[PDB]
Amino acid sequence: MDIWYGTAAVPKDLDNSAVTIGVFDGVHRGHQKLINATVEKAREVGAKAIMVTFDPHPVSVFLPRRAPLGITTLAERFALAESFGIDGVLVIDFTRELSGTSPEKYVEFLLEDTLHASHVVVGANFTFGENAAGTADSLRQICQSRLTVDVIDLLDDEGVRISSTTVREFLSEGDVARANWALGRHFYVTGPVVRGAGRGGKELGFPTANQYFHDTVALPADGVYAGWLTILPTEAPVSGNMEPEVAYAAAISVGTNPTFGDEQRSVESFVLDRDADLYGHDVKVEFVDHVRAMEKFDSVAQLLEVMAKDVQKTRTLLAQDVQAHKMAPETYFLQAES
Amino acid sequence: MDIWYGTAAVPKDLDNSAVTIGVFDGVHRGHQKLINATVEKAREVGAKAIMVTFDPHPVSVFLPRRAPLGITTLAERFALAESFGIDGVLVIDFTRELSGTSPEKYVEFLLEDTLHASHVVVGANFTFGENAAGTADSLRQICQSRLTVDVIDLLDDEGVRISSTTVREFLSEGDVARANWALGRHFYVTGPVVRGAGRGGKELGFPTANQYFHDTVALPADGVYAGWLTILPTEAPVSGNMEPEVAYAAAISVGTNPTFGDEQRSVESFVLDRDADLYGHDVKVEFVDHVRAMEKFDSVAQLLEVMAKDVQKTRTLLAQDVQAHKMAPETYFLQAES
Amino acid sequence: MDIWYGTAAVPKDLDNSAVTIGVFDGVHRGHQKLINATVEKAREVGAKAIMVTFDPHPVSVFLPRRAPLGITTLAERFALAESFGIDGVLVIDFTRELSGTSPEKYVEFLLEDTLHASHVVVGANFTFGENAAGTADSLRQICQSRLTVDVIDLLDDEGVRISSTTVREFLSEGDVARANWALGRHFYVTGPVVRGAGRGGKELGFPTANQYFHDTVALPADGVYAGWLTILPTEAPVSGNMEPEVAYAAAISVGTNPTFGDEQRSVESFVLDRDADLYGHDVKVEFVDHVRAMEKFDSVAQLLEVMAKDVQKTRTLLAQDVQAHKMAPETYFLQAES
Amino acid sequence: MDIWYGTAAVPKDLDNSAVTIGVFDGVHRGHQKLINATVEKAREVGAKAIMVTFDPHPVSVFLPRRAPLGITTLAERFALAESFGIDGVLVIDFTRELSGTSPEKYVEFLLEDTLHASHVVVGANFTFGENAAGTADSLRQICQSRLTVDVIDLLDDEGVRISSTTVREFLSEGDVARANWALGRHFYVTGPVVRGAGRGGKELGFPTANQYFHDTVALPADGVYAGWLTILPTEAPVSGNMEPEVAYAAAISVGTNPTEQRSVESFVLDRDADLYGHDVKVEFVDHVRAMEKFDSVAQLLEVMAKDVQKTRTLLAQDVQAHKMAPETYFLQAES
Amino acid sequence: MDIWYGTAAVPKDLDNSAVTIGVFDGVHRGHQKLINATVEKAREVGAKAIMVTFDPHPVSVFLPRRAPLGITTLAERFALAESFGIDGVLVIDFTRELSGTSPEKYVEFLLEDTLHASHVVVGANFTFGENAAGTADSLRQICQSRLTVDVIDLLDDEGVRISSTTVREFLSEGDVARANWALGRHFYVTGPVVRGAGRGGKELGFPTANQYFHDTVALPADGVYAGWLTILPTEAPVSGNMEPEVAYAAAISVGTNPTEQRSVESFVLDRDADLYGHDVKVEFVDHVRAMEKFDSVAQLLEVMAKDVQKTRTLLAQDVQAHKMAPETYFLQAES
Amino acid sequence: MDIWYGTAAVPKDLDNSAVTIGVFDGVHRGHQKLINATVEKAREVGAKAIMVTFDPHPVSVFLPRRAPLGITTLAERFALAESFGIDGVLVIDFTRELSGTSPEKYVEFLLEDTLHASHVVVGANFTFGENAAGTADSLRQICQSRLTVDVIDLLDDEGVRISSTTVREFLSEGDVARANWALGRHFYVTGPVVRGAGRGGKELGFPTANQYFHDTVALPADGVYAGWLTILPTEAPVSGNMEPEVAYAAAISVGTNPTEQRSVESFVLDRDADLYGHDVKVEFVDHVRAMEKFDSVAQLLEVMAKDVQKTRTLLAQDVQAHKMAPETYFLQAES
């Protein structure tokens, strides 16, 4: 997949394409409908499937620092776009172009001159041009005879509208199961493992891995979750008895640094039945189900007792998760008991 | 009007005066009674009308950093004192003088030796001297035959006591209309316009003006308000189609910087039906009515839609405000529609 | 009393001892049972009474920065241990030793090899060894014939379990009287007196003393308390009319610095009927009873009026406190009236 | 004078203009040559005189937070442009447009479509377009018979090159006299007066005005300077014996207070006043001395009085040399 | 000794006193001349000896946060005054009173109404009143037959001027020997001992005590010094083999840790102890070496052992020179 | 290769090993002598080759936050060990164990009980035990007939001593050529690429990759360097015309941005790409120039183009000298 920053970076010799346009944060099941329809139509005519997306978030342009939390990073948005068959992502920055343009010159400059589009796919909510004047209906009538438009209704399922907004609310509530249901996969983050308390190994109270994330990253509510930790492909040695590219059962503790300026979430992972320390590695943490709310501890004995209960509840939730195999990982490690 | 810092700066040759004494924060309608009575009595005898006020706030002397929010700056207190006919303001600092003095030596040093007073005007709540022992009744009996005292009852109107305390509560609640009612004018702030998001002009989502204020400044609750923006007299050029000294209709957005140490309010102004950028100018923002509470936005389209509703509601409230002309500005700009 | 940091610092020639083991934070009435039983048994056999305690808090080892607030500092834990007849305190750091050790090697290394114990005293809640596997019952059966064990039940009185946890809740609620009841003494802090607002002396509104404490220090809820201030023994001169080593009646104001990073409690003390300034001295503040919640003030007169009410209520509570003489200080100053 | 942010804000009905293009930081005597030639050629064809300038600084686009210090604020750049008779300022942001454009397309879009220029005036060092390929020469050959091009050499006077760079050097070493000579006027800063030490009054040691500035503002090296302070037009009352719109003799002390801010403290000669809350203009004339530490009040006041004598002399010279002094001023021969 | 904050706190029934006036920072040998003359003249007329001093520092009123570093804390200034027999300290704040006053009114209010002085003792450099017009001479002519004035010249010894200024220079270069000679005693700081590296015990590399100080405290230049550490009177238990009120031989390492704080780390010779929580007095005797970086543990311990040898020698000299050594001390000839 | 944190994590069933002990920061040519002798002697007795190393740095235990800068991260120390054939790394924390131990007990516990060593290899400067009493010699006499000891002298080559210390000096002055010669390879850092100025693309002035590093990471002095950039193995898409696992020619600009962080900005020659989100390895070859300030875009691009020419030359030399160049690379003769 190609990645282009700005209209100017798109090759001039690109001759035909089918195009979809949106923020696409999270690439939820609704987003997958637009991508699916785009890819299928591009196959039909032997053209390329292009996603046009936006960075920084269009909201943060008008209201700096008050933009919605990112369900995925830009890098992950690229990876997901690839995994669903996109051939090229064009990234638009509204502080550089396409903001003050009229609806008419938007279609002309972007879809024709730049992308040589024959088909375009948008959601019913889609807007464009100066002061958001251009709508889905605008696009249909501006494109009559020039190129075909397909407008897809927003996805409703089980009485819930599937959008970036609702995925954020589920995450914020700590309801990762409903978020996963809306995403069509386990919600996850990735990042380098740093030093934390003690060292991963024989002692249950020390995390197997410690990660930190900036405050523009959407994460579930503080608390403990069941999920899967995966060491990303690597040739570097691993301390202890975990192997790379295997999804390990884990109790995951999401927290907020006290106090800190720009707080600032932590993720501490207790991998079941393994003695390991993952400093240096890039690690993926997938969330499956909520286990408990955060609490304060007044003794080591009390802390470990609750730790053991988390493990027990995690074993149960993960043994269920494996049975719904469309979300569960290919290669996993889960022991029947301790 | 003269301004003196400390008793020592008052001219020795000042021969007669009528004097009023208080913090006077906000110069509300109650404060106006004391000033009115003072000015009128000074006219009668051809003497000067003097306000004795306090800076820093007397409370912050005993409880540093825990002083009440300033309804007006000291500079604005001066301007308001002038506008009501005060001839001289004497500013007292309680860390320099008049704190540990007895009630008797207070009258002697300040009213006689310093100010050569023949008349003094205070509110029923007035206290003075060491450990606040001297009261309004004290002042009457210490001044028998030496000079005339006039003690004015605190102002009650429509079942509400008018004081600095109540004005602060109204502001804190976001009830600017009741605050205005108590002040006898539109509440306002003034300050330099700085750069913010994008540039003021053709795009509705970019503010016409951005200002910041320190946390000792009383401001209405976070939210959106109707009011009037006025560019203060200036010879410097103005970007766009606003003229100086004209009060322009505006939707005003009061906010709190996230997160910041010493937060730290913002004021963003969207001037109706004008394309302009006010970087560099000193700007006055008057508040008229509350419009809505603060909210988070998840798309540009959703943001602009609410923006347009704010404008609609503002046009209505301001068209009413103009009809109560005792508060409304002399020269204003308000279009009947967009 | 000796103080040893680590097993290595304990003298090799120590031949016999009776030993008690715990965090001992606060040395509450429950803790006093263990110490009493230990001291009495050591007297019987002419051996030394040893406390084995822990620093840093064992919880902060597994959960850095999320450890319980310290009811007493380590230094005060030493002083209290001395006052109840302990001959030696051994301080253990779990990042250096005794964490990953098995229950068996724990007893062997610490109690025998290091301390040459013939008697050991623990609470029913006591745990030890890797992953907290060793319990009170473990200790009894591992020590059969090698040394005598005495396990003391946790202290319940008036329907309340007396523990560090409950003492912290009482303090956090502002219920110092119930905390005192559980500690078996007035709760107190000690520290150097620094400069604050104005100077201690003739003016009631200026504190007689200002202290600051870090955020790992347990303190009562923000508000005003009755208690006793004592200048610790010193040869340095004292400004005003307080003498060292005399417990003076005082209204105590506990607060939280606005805003600050790592906030960060203040203690401001208004000593009844004395004019003094205590800059430079080390001062002990004992708490007796809650008086009122924190409030904001809008004038000097209003502030002083409430100040005087605090004094009145304090005089009453302290006159009662003196009557329960098992908590009250030996030498005190309390005037019948102002 | 109009002020347009971006090509999109320029009036569509602009039929003819004479244009000058540059950063114009400081509006020095070199810059004044470009504007003068532009303003005069604009009168000839009855057209408007336009300045195309840039904000943020072009360097800061490539090297964030490592841009040259601003000799004047953008606000002051506008006011100086107006004072030399410019009719419109167009402000280009390089993160928005005209950056990755070709040399050929830059000319067409800016000078032709947007500005409808018949004449353009640039400095010999001018460059434009993608990777700065377009030079002083590129402009001549690309414009042909469409618009007349005038390329002015950089200014050398008394064997000294006059540019934004040399001005910044002069300020940085504390040679305000040379900066001023290069600028064509007294270097100045403008800002609101805040609270400081004590109160302005009878006491010599307390400043008449305190001001703080961000680290992006070029200021003379830390030290003491002779200058003029002016209270900007206002109806707000003034504490003490000073009126607005009169330039008053002052000893000016520039300092630093890190963790950024530079401070400017003004001791107005033979006046007792406190200027808290006013907008105040401070002009620099000559260097007086370096920064120093004081260990007693007496020592500090002794040095303060010398600063006053030296200022008195240097300002009397400034008034006689005439060509740079303020129209309305207040200065005493002695105390 | 009494301590009064402001003229208003002075007893109304004070009928007669002998007075000395000054900053008195450091209470050096020059200052001791003023106090000695004051204390003796007070005994003669059966009166109390009063020190009038100033806090905050007079310079900091005019130049906030740019005041000279304090040689001693105000607390230590009180204790030194008392030790030389002063009966009362009056502390004047210049933001409160006596600042904008005339020379004539200053004398009347302070010396007459408040203190009822019959005799006053000042240094030849003394000044007072509005804009420091009142000098050593002003005081003589204004007091006439009301109170006797004694003006003492500043102290020169061995061709060196002894003042707060010169003491601050000596400390700043790390010449504590000269500072001490000027002071009349070992320079010292006092503070609570906090946690640091490891625990004080058998290990040579871990300090016996760690202390931090604010940036307003004058300290010797970063480096290693020979000195004495004393645990201040206490009933609190001491971890290890040290008693209170005995001055122990120590190698002292002064360092900086910015973003302000200066640190003092004490390595007590031939002792294993940890002084966390105690109040501790640290006296400086001689400079040993400059600060340096270490790249291995072995290297650091090798230098540490040399610091110990050099301290041992220098302290044995201090004990024999007698006139400045502590009454009760602990020092070993060898390890 | 296994990695054990503390003696307690070492397998109980380890019957025989050959052991080397040291900080090993940088794994330079001196260190490679120890490992080589260890790995070979381990093959002889069919045993595993073990490295005992230390984290945190031993100096930082005694002197917190004043430890030497790390030549490599601990992660990179592991990977280099593995590359030279070590079978196990044992990591000792001195705050946990082996610190206050006697020389005699250190040997027994670590080498005997834990590691069951038949052979040990140390550097001539090696020390151990309480207060570093145990030396290179102590080890010989304490081990006797239990385990064979081999003590290797420190490396001198071309009259230059090769140690962690000298490497840190070379880097700090910006002489990466000498650092590399001492290291046996190109010095490198590895990290995630974050957003910076503009976007990597057609524009020369925008970096292909931006990276930040903590102040504990040794880096060459601020300036411009010739080097190679490699995108580490990944399936994640790459924006622009670069593939992973190819070392690309780059001009590398090292800078500082205080209040700590050092920055590394890479300008990849003859490529248009943006590497945001990838893991990227940056190798340093030669110094090109010192840091400088720019006052115009044209000036900056002029210097940028010179940096490219000088890099082109220096890298062509690196490729021919062969012994240190990457296996797979991309470099153009001209533009």
# chains A, B, ... in the order shown; residues from 1 in each chain; ligands from 1
$ interface_residues --of "chain E" --to "chain B" --cutoff "8 Å" --atoms "only C-alpha atoms" --output "tab-separated table (two decimals) with N, CA and C atoms, in the first residue's frame"
chain	number	residue	atom	x	y	z
E	95	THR	N	9.34	47.36	53.69
E	95	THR	CA	8.03	47.49	53.01
E	95	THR	C	6.92	47.95	53.99
E	96	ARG	N	7.23	47.92	55.28
E	96	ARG	CA	6.27	48.26	56.33
E	96	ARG	C	6.47	49.67	56.90
E	97	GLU	N	7.72	50.05	57.18
E	97	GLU	CA	8.01	51.34	57.84
E	97	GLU	C	9.46	51.78	57.67
$ interface_residues --of "chain D" --to "chain F" --cutoff "9 Å" --atoms "only C-alpha atoms" --output "PyMOL selection string"
chain D and resi 58-59+61-64+66-68+95+100+125-128+130-133+164-165
$ interface_residues --of "chain B" --to "chain C" --cutoff "12 Å" --atoms "only C-alpha atoms" --output "PyMOL selection string"
chain B and resi 22-25+54+57-70+94-96+99-102+125-135+163-169+215+260-264
$ write_last_selection --atoms "C-alpha atoms" --output "compact mmCIF listing (two decimals), in the first residue's frame"
# COMPACT_ATOMS: atom_id res chain seq x y z
CA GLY B 22 -14.25 50.53 50.85
CA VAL B 23 -12.78 47.80 48.62
CA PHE B 24 -15.35 48.83 45.95
CA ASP B 25 -14.73 45.71 43.84
CA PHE B 54 -7.50 48.86 49.21
CA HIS B 57 -7.35 42.77 48.69
CA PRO B 58 -7.48 42.99 52.48
CA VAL B 59 -8.38 39.27 52.69
CA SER B 60 -5.21 38.17 50.82
CA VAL B 61 -3.08 39.84 53.51
CA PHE B 62 -4.24 37.34 56.21
CA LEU B 63 -4.95 34.47 53.79
CA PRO B 64 -2.49 34.72 50.86
CA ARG B 65 -3.79 33.33 47.53
CA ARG B 66 -7.24 32.66 49.10
CA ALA B 67 -8.63 36.14 48.30
CA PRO B 68 -11.95 36.63 46.46
CA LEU B 69 -11.84 36.80 42.65
CA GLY B 70 -11.58 40.36 41.28
CA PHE B 94 -2.44 47.00 54.57
CA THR B 95 1.11 45.54 54.65
CA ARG B 96 2.42 49.16 54.71
CA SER B 99 -3.63 47.74 59.96
CA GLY B 100 -2.44 47.70 63.59
CA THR B 101 -3.64 51.27 64.26
CA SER B 102 -6.34 51.81 66.89
CA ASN B 125 -20.89 46.84 57.00
CA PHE B 126 -17.76 49.03 57.24
CA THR B 127 -15.04 48.08 59.73
CA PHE B 128 -11.58 49.51 60.50
CA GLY B 129 -8.60 49.42 62.88
CA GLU B 130 -6.82 46.66 64.77
CA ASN B 131 -8.69 43.34 64.71
CA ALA B 132 -11.67 45.00 62.95
CA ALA B 133 -12.85 46.51 66.28
CA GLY B 134 -14.05 49.83 64.78
CA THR B 135 -17.53 49.69 63.20
CA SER B 163 -22.88 43.08 47.30
CA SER B 164 -19.55 41.97 45.79
CA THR B 165 -20.29 38.49 47.21
CA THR B 166 -23.61 38.11 45.40
CA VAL B 167 -22.19 39.50 42.09
CA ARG B 168 -19.45 36.81 42.29
CA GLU B 169 -22.06 34.02 42.84
CA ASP B 215 -7.05 33.05 37.58
CA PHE B 260 -2.10 23.96 32.66
CA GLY B 261 -0.62 24.98 36.03
CA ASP B 262 -2.55 28.07 37.28
CA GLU B 263 -5.56 27.56 34.94
CA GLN B 264 -6.30 30.13 33.42
$ select_by_dssp --residues "range 78-258 of chain F" --states "helix (DSSP H, G or I)" --output "NGL selection string"
:F and (78-83 or 103-114 or 130-132 or 136-143 or 164-173 or 176-183)
$ residues_around --residues "residue 335 in chain E" --least-positions-apart "2" --cutoff "10 Å" --atoms "only C-alpha atoms" --output "compact mmCIF listing (two decimals) with N, CA, C and O atoms, in the first residue's frame"
# COMPACT_ATOMS: atom_id res chain seq x y z
N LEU E 269 34.19 10.24 59.52
CA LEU E 269 35.37 9.37 59.59
C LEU E 269 35.27 8.34 60.71
O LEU E 269 34.93 8.69 61.84
N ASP E 270 35.59 7.09 60.37
CA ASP E 270 35.69 5.98 61.34
C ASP E 270 34.39 5.69 62.12
O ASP E 270 34.43 5.16 63.24
N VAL E 308 39.74 11.29 52.87
CA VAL E 308 39.82 10.95 54.30
C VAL E 308 41.20 11.29 54.93
O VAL E 308 41.26 11.96 55.96
N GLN E 309 42.29 10.86 54.28
CA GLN E 309 43.65 11.22 54.71
C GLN E 309 43.86 12.74 54.83
O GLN E 309 44.35 13.21 55.87
N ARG E 312 41.94 14.23 57.72
CA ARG E 312 42.55 13.81 58.98
C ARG E 312 43.66 14.77 59.41
O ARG E 312 43.71 15.21 60.56
N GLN E 332 40.21 10.48 65.01
CA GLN E 332 41.20 9.43 65.15
C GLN E 332 42.47 9.75 64.36
O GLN E 332 42.41 10.36 63.29
N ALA E 333 43.61 9.34 64.93
CA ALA E 333 44.92 9.56 64.32
C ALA E 333 45.04 8.79 63.01
O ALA E 333 45.51 9.32 62.00
$ residues_around --residues "residue 209 in chain A" --least-positions-apart "4" --cutoff "6 Å" --atoms "only C-alpha atoms" --output "list in words"
residues 193, 268, 269 and 278 of chain A
$ residues_around --residues "residue 265 in chain A" --least-positions-apart "5" --cutoff "12 Å" --atoms "only C-alpha atoms" --output "mmCIF file with N, CA and C atoms, in the first residue's frame"
data_model
loop_
_atom_site.group_PDB
_atom_site.id
_atom_site.type_symbol
_atom_site.label_atom_id
_atom_site.label_comp_id
_atom_site.auth_asym_id
_atom_site.auth_seq_id
_atom_site.Cartn_x
_atom_site.Cartn_y
_atom_site.Cartn_z
ATOM 1 N N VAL A 189 -3.870 -1.727 21.936
ATOM 2 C CA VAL A 189 -2.797 -0.749 21.757
ATOM 3 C C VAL A 189 -1.456 -1.460 21.584
ATOM 4 N N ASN A 210 5.330 -3.159 31.426
ATOM 5 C CA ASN A 210 4.841 -1.823 31.727
ATOM 6 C C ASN A 210 4.898 -0.962 30.483
ATOM 7 N N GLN A 211 3.767 -0.378 30.110
ATOM 8 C CA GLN A 211 3.740 0.614 29.037
ATOM 9 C C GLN A 211 3.051 1.921 29.454
ATOM 10 N N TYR A 212 3.434 3.010 28.792
ATOM 11 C CA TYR A 212 2.807 4.317 28.985
ATOM 12 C C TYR A 212 2.308 4.888 27.672
ATOM 13 N N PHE A 213 1.179 5.584 27.718
ATOM 14 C CA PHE A 213 0.570 6.179 26.533
ATOM 15 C C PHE A 213 0.156 7.638 26.776
ATOM 16 N N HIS A 214 0.261 8.468 25.738
ATOM 17 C CA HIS A 214 -0.104 9.888 25.854
ATOM 18 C C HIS A 214 -1.588 10.076 25.965
ATOM 19 N N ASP A 215 -2.006 11.274 26.379
ATOM 20 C CA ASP A 215 -3.415 11.515 26.715
ATOM 21 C C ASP A 215 -4.346 11.745 25.530
ATOM 22 N N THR A 216 -3.822 11.674 24.308
ATOM 23 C CA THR A 216 -4.652 11.692 23.094
ATOM 24 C C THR A 216 -5.043 10.263 22.662
ATOM 25 N N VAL A 217 -4.587 9.267 23.418
ATOM 26 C CA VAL A 217 -4.858 7.861 23.137
ATOM 27 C C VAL A 217 -6.113 7.403 23.893
ATOM 28 N N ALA A 218 -7.142 6.949 23.180
ATOM 29 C CA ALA A 218 -8.324 6.395 23.845
ATOM 30 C C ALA A 218 -7.933 5.079 24.496
ATOM 31 N N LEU A 219 -8.314 4.896 25.754
ATOM 32 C CA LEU A 219 -8.044 3.670 26.488
ATOM 33 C C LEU A 219 -9.247 3.385 27.352
ATOM 34 N N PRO A 220 -9.469 2.111 27.714
ATOM 35 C CA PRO A 220 -10.565 1.823 28.624
ATOM 36 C C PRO A 220 -10.370 2.524 29.975
ATOM 37 N N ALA A 221 -11.474 2.739 30.684
ATOM 38 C CA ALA A 221 -11.476 3.274 32.034
ATOM 39 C C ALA A 221 -10.472 2.544 32.932
ATOM 40 N N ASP A 222 -9.878 3.282 33.863
ATOM 41 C CA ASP A 222 -9.001 2.678 34.866
ATOM 42 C C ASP A 222 -9.690 1.439 35.448
ATOM 43 N N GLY A 223 -8.915 0.371 35.611
ATOM 44 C CA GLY A 223 -9.418 -0.896 36.130
ATOM 45 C C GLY A 223 -8.612 -2.078 35.626
ATOM 46 N N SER A 253 -3.979 -4.144 33.755
ATOM 47 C CA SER A 253 -4.320 -3.085 34.693
ATOM 48 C C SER A 253 -4.050 -1.719 34.074
ATOM 49 N N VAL A 254 -5.120 -0.986 33.785
ATOM 50 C CA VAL A 254 -5.028 0.319 33.158
ATOM 51 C C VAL A 254 -5.109 1.353 34.275
ATOM 52 N N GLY A 255 -4.193 2.324 34.271
ATOM 53 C CA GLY A 255 -4.141 3.355 35.307
ATOM 54 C C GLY A 255 -3.780 4.745 34.807
ATOM 55 N N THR A 256 -3.773 5.693 35.746
ATOM 56 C CA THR A 256 -3.523 7.105 35.482
ATOM 57 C C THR A 256 -2.449 7.588 36.446
ATOM 58 N N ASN A 257 -1.332 8.083 35.907
ATOM 59 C CA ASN A 257 -0.195 8.521 36.723
ATOM 60 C C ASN A 257 -0.561 9.637 37.715
ATOM 61 N N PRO A 258 -0.261 9.428 39.024
ATOM 62 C CA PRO A 258 -0.488 10.433 40.074
ATOM 63 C C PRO A 258 0.772 11.234 40.490
ATOM 64 N N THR A 259 0.776 12.549 40.253
ATOM 65 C CA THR A 259 -0.329 13.262 39.591
ATOM 66 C C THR A 259 -0.006 13.560 38.118
ATOM 67 N N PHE A 260 1.168 14.154 37.884
ATOM 68 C CA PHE A 260 1.699 14.450 36.543
ATOM 69 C C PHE A 260 0.955 15.553 35.781
#
$ residues_around --residues "range 82-85 of chain F" --least-positions-apart "2" --cutoff "7 Å" --atoms "only C-alpha atoms" --output "PyMOL selection string"
chain F and resi 1+39+78-80+87
$ write_last_selection --atoms "C-alpha atoms" --output "PDB file, in the first residue's frame"
ATOM      1  CA  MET F   1      20.564 -16.638  24.797  1.00  0.00           C
ATOM      2  CA  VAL F  39      33.167 -18.470  24.348  1.00  0.00           C
ATOM      3  CA  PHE F  78      22.053  -8.102  25.417  1.00  0.00           C
ATOM      4  CA  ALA F  79      21.889  -8.205  21.582  1.00  0.00           C
ATOM      5  CA  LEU F  80      25.621  -7.560  21.228  1.00  0.00           C
ATOM      6  CA  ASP F  87      24.616 -18.320  26.041  1.00  0.00           C
TER       7      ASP F  87
END
$ select_by_dssp --residues "range 10-226 of chain B" --states "strand (DSSP E)" --output "PyMOL selection string"
chain B and resi 17-21+48-54+88-92+117-123+148-152+156-157+160-161+188-192+209-213+223-226
$ residues_around --residues "residue 30 in chain A" --least-positions-apart "6" --cutoff "10 Å" --atoms "only C-alpha atoms" --output "PDB file with C-alpha atoms, in the first residue's frame"
ATOM      1  CA  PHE A  24     -11.954   6.478   9.693  1.00  0.00           C
ATOM      2  CA  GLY A 123     -21.316   7.655   4.442  1.00  0.00           C
ATOM      3  CA  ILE A 152     -23.987   4.178   2.469  1.00  0.00           C
ATOM      4  CA  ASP A 153     -26.359   4.468   5.419  1.00  0.00           C
ATOM      5  CA  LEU A 154     -24.859   4.553   8.888  1.00  0.00           C
ATOM      6  CA  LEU A 155     -24.684   1.122  10.563  1.00  0.00           C
ATOM      7  CA  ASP A 156     -27.324   0.293  13.224  1.00  0.00           C
ATOM      8  CA  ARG A 161     -25.630   3.290  16.043  1.00  0.00           C
ATOM      9  CA  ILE A 162     -22.088   2.173  15.205  1.00  0.00           C
ATOM     10  CA  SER A 163     -19.813   5.213  15.014  1.00  0.00           C
ATOM     11  CA  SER A 164     -16.490   6.532  16.344  1.00  0.00           C
ATOM     12  CA  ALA A 182     -18.674  -2.463  17.337  1.00  0.00           C
ATOM     13  CA  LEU A 183     -15.074  -2.641  16.022  1.00  0.00           C
ATOM     14  CA  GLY A 184     -15.452  -6.246  14.818  1.00  0.00           C
TER      15      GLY A 184
END
$ closest_residue --among "E:258, E:129, E:174, E:123" --to "residue 218 in chain E" --atoms "only C-alpha atoms"
E:174
$ closest_residue --among "D:271, D:306, D:77, D:323" --to "residue 26 in chain D" --atoms "only C-alpha atoms"
D:77
$ atom_distance --atom1 "CA of residue 248 in chain A" --atom2 "CA of residue 74 in chain A"
26.0 Å
$ decode --residues "range 297-308 of chain D" --atoms "C-alpha atoms" --output "PDB file, in the first residue's frame"
ATOM      1  CA  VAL D 297      21.028  50.129  49.136  1.00  0.00           C
ATOM      2  CA  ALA D 298      23.468  53.072  49.264  1.00  0.00           C
ATOM      3  CA  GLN D 299      25.676  51.530  46.561  1.00  0.00           C
ATOM      4  CA  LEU D 300      22.624  50.902  44.308  1.00  0.00           C
ATOM      5  CA  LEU D 301      21.365  54.476  44.673  1.00  0.00           C
ATOM      6  CA  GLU D 302      24.859  55.843  44.008  1.00  0.00           C
ATOM      7  CA  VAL D 303      25.004  53.953  40.686  1.00  0.00           C
ATOM      8  CA  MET D 304      21.367  54.911  39.963  1.00  0.00           C
ATOM      9  CA  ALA D 305      22.269  58.635  40.188  1.00  0.00           C
ATOM     10  CA  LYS D 306      25.196  58.147  37.747  1.00  0.00           C
ATOM     11  CA  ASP D 307      22.872  56.377  35.299  1.00  0.00           C
ATOM     12  CA  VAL D 308      20.691  59.543  35.520  1.00  0.00           C
TER      13      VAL D 308
END
